[PDB]
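A short write-up of the structure that comes next.
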Ligand SMILES: Nc1ncnc2c1ncn2[C@@H]1O[C@H](COP(=O)(O)OP(=O)(O)O)[C@@H](O)[C@H]1O
Ligand SMILES: Nc1ncnc2c1ncn2[C@@H]1O[C@H](COP(=O)(O)OP(=O)(O)O)[C@@H](O)[C@H]1O
Ligand SMILES: Nc1ncnc2c1ncn2[C@@H]1O[C@H](COP(=O)(O)OP(=O)(O)O)[C@@H](O)[C@H]1O
């Protein structure tokens, strides 16, 4: 989504940043952040994402969260203080609540 | 030369207190509390109370803006002080308000405005004077019209004030609420040079008739579009005493070469017909669109009629032109040359110290509360320019209006009264209005001063000899700070300028990867931004982006050439930071680019803060996550809502998963 | 300060039910079902039934758009409530429809429109009042013209209604179908700030004559080109009671610097001649094309005549300008500065909760079915703006 052709500073990347700036508070979730590595502006937008993350610490009432599955090809830049300051993984199989209990018909052993 | 004092600025904006040097007061037989008669020019005089302030210079006297206007003198003039022992208290003094200030405001000028002015305040009086009372969201000037004991009355609780009457007029008395140096904050140092180069062509237009020197003639203001430009020129001409015409850009473009070619000529002819001329070319970005090769025939003549109108004209005719643009890189290069705009002035975002002064200035006509601590607001207001600092001052004063309506109903045309004054503005009117916060200058290169103590370091004997006082009869100018992350590489250079007293510029790697990389890129904007600021330290973190994985491996080479040449500047230093000193191209290490390398015993002492919600160490040594364990200890705030602060049993639960 | 209540918005859009706080009703000797006489301004009064709703504030009363217009009061005004025990049911009440609403619709206003209104509904009456009946793909306003027991009649199944007659006229009675806050959904929170900054320069134009504060003057709306812009300003000026001129972008560009330089000046001069001024610059994307270095001489003067016409003018003269663009990044940067468009407002796509309110508003004049569950439709309507929510 950040690889939008409209990447030419107030790109959609910064439109998305400032879109959540008026909304107070607003949580900025970012999945598919595995596109950080290689294989034009290929390795760009990342650096573009980097500068915009800082400065939001003074905002106080805004938070940034990301998601990934292969934490190796991600450039460790984001882990730096301010950009990101916490890491969360994901006992046994836990209970899960279903729905559509009307066309249902009456487990943990599976 | 001994009694002839030079008027200066006032530390306290009081119409009756004038500060002076005590060793000079020791010469003229005076101490605190006594009154003095001060006559300046045009035979006019007033009388005020002195005070022993050692801050002012020996041959200089402190005078307030209203004190200055009463003597028909302006800053930079010589006044004479006389001892005034023959003075006594007064019986009746008649006080009428001024016409240009009683605009809709009504009630009783005595009960609301004049009482707090003279309540327990003992002040001298003239038979013909004017003065200002800041209160109730505005300021209403008053006039003294009579004086019972001769012309030197002194007000006191024993005084009968018949304020009953009509709004008296004014007579060649400049608005005491007009713009002045005491109304421009955050750019005191920026005003130093602008007041050192227009001080002669305007106040002393004598030598410039008979000196072959080519005086300053072309001033080029620049800065943020938010604020810091019109007042820099308004507070000068309206205070120095110069004719002030401000040509706005958008109006000129609204013609068909009619008032485009006329107003340019006519206003340039009009300002020259008067001796002190200050021409403000507002929105010169709209008139001069750099080197616009694709445009219409009008911009190719409105700028073509401007340059020829300033190199032929504006030559020793006592005319100081002042341009105003959002960026000093969107106007024609032929504007800044010789005679035309050879002077340039930086207006940066106010630092935490400068934000507080401008907050004070605008928050004066209001009546605030003691829970309001404008100092704490003055810190967390980065990205806020004087406009936004005034934009919330409106939403903070207007929030107090609706929140306290209630009983008052059927508002008359002139319904304002004593309810307008004493209108206490709570801190919630700030917070709720600042809840809808909206800054402006976020993508800017900020110039400011570090306010961090050197006590919170705990280092490894940083040799003090890595410093110099610019006194020598060549010195190294390149250092890099590497090592592990967290040991202090980011906050290291911050505390250095705390004792050096120099501005700083924090730049990151991807910050230079700005899309606006197309020579005077942001990279060179940042270089020259610290060139005017002398001295200035250029810190650069995230310099690990030097390696690979378009202009990918560029900007580095761009960074390389700009580093050299700064060695002749002498009064500028460059420092960097990194953690992996291998993929960095060794080019920077070359002489001139960088000339020193600094790493980062055991765990050192570290100074904490927030000692109020604290609760009472080095053994745990057996930074990396220094703040991380601190905030989590504060996050372990027991929520037993249905005393306790910090404790040990909460630390052991934190180190269970840390790394 | 105890009987002086502040009018607020209505949770139920009923012309007869006005909700109030019960602890306040405990002070004024009232419970549910009883009728109250409410006189606001200009000596006008009506009479309605109260109810115990704890949602409203203690010093605030809930009033519907039609209840508000009958008292010649608007939201943010103080009204006085009086106990009305001296009231009885009525014999005959004559109901004539309004001229501006009987447009082609015919038949019998009683059998179709007026019966469902008063069927088992006990409602009080004024001798001179107007009210609205939402039914049959439209809404036809009716007028009460007579009142048999004095001026305080109460309708009931025992009532003779001679609806036979002509379409009566209207007299300075704003269209009860005009745009209002109850007609704008999905942007309630977005309306909070816009109603906290225009509430003073328009409703209270007194202090702004004698206060050195620089009030809000430049409003910059933005959002989607589909919807959410014209009504945000139409529902304010038509409801707050402000003069409303909306300059459309495309019309200005249709000249040869004739009505381009005139209408810009003239409408800016016209709106200022009136005290409450709301200027809607519709399609400002067409007038101001950002920093257009490649264009014609007319856009370099139509925007050059706009900035000089707002920094010199529009200064404490009680004028609130309102821009409207598809994107807040296709207009000149000199538009948003100080005094001019220093305020900005986000209009986002309505969330699943906001889509349901706007669905209700437009689906009111219709008669639906109980198998219709607009809640389920309100979920799977992402990417649908108020236009498409009205298009379907
Ligand atoms: N440096 C400053 N100190 C004090 N007040 C300021 C300063 N800069 C701006 N302001 C306030 O902000 C308001 C608008 O800013 P302005 O000077 O008009 O912006 P610009 O000149 O850049 O167009 C002014 O009325 C002034 O009171
Ligand atoms: N004596 C100290 N040395 C280093 N860091 C300290 C010290 N005291 C407190 N700290 C905290 O540790 C943090 C380390 O700097 P940081 O912002 O994490 O940058 P980096 O991790 O890149 O050095 C600082 O923000 C500061 O708040
Ligand atoms: N937020 C909203 N709430 C309720 N109805 C809306 C809303 N936005 C748009 N509409 C409806 O959509 C129609 C057209 O939208 P409009 O406001 O004209 O679009 P825009 O103002 O963006 O040009 C209007 O007649 C209005 O009834």
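Residue numbers (the working numbering), protein chains in the order written: chain A, 311 to 420; chain B, 129 to 787; chain C, 810 to 1201. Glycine residues also receive a C-beta, built at the ideal position from the N, C-alpha and C atoms.
Proximity test, Cβ basis, 8 Å: residue i and chain A
i                     : result
residue 570 (chain B) : yes
residue 639 (chain B) : yes
residue 643 (chain B) : yes
residue 211 (chain B) : no
Per-residue DSSP class, three states only, for residue i
i                      : result
residue 1171 (chain C) : helix
residue 855 (chain C)  : strand
residue 222 (chain B)  : coil
residue 677 (chain B)  : coil
residue 931 (chain C)  : coil
residue 1116 (chain C) : helix
residue 401 (chain B)  : helix
residue 502 (chain B)  : helix
residue 710 (chain B)  : coil
residue 324 (chain B)  : helix
residue 257 (chain B)  : strand
residue 845 (chain C)  : strand
residue 716 (chain B)  : coil
residue 1131 (chain C) : strand
Interface flag, residue i vs chain C, CB-CB below 8 Å
i                     : result
residue 235 (chain B) : no
residue 332 (chain A) : yes
residue 477 (chain B) : no
residue 308 (chain B) : no
residue 544 (chain B) : yes
residue 239 (chain B) : no
residue 511 (chain B) : no
residue 535 (chain B) : yes
First and last residue of the uninterrupted beta strand (DSSP E) at residue i
i                     : result
residue 892 (chain C) : 887 to 892
residue 374 (chain B) : 371 to 376
residue 634 (chain B) : 631 to 635
residue 950 (chain C) : 947 to 953
Residues that residue i contacts on chain A, provided the C-beta gap is smaller than 7 Å
i                      : result
residue 1138 (chain C) : 320
residue 508 (chain B)  : 368
Short CB-CB distance (under 8 Å) between residue i and chain B
i                      : result
residue 1009 (chain C) : yes
residue 367 (chain A)  : no
residue 407 (chain A)  : no
residue 1013 (chain C) : yes
residue 350 (chain A)  : yes
residue 1143 (chain C) : yes
residue 378 (chain A)  : no
residue 418 (chain A)  : no
Contact list for residue i against chain A, beta-carbon separation under 8 Å
i                     : result
residue 559 (chain B) : Within chain A, no residue comes near residue 559 (chain B); the closest Cβ sits about 12 Å away, beyond 8 Å.
residue 636 (chain B) : 360, 361 and 364
Proximal residues of chain C, C-beta to C-beta of residue i below 8 Å
i                     : result
residue 426 (chain B) : 1106 and 1109
residue 422 (chain B) : 1102 and 1103
Min CB distance residue i to chain F below 8 Å
i                     : result
residue 354 (chain A) : The structure shown contains no chain F; the protein chains it does contain are A, B and C.
Per-residue contacts from residue i into chain C (C-beta, under 7 Å)
i                     : result
residue 381 (chain B) : 1109, 1110 and 1113
Run of the alpha helix (DSSP H) containing residue i, from where it starts to where it stops
i                     : result
residue 528 (chain B) : 514 to 530
residue 561 (chain B) : 555 to 563
residue 366 (chain A) : 366 to 369
residue 977 (chain C) : Note, residue 977 (chain C): premise wrong, no alpha helix (DSSP H); not H, not E.
residue 622 (chain B) : 620 to 628
Closer than 7 Å at the beta carbon, the chain B residues around residue i
i                      : result
residue 1116 (chain C) : 378
9 Å Cβ cut-off: residues of chain A touching residue i
i                      : result
residue 1155 (chain C) : 329, 332 and 333
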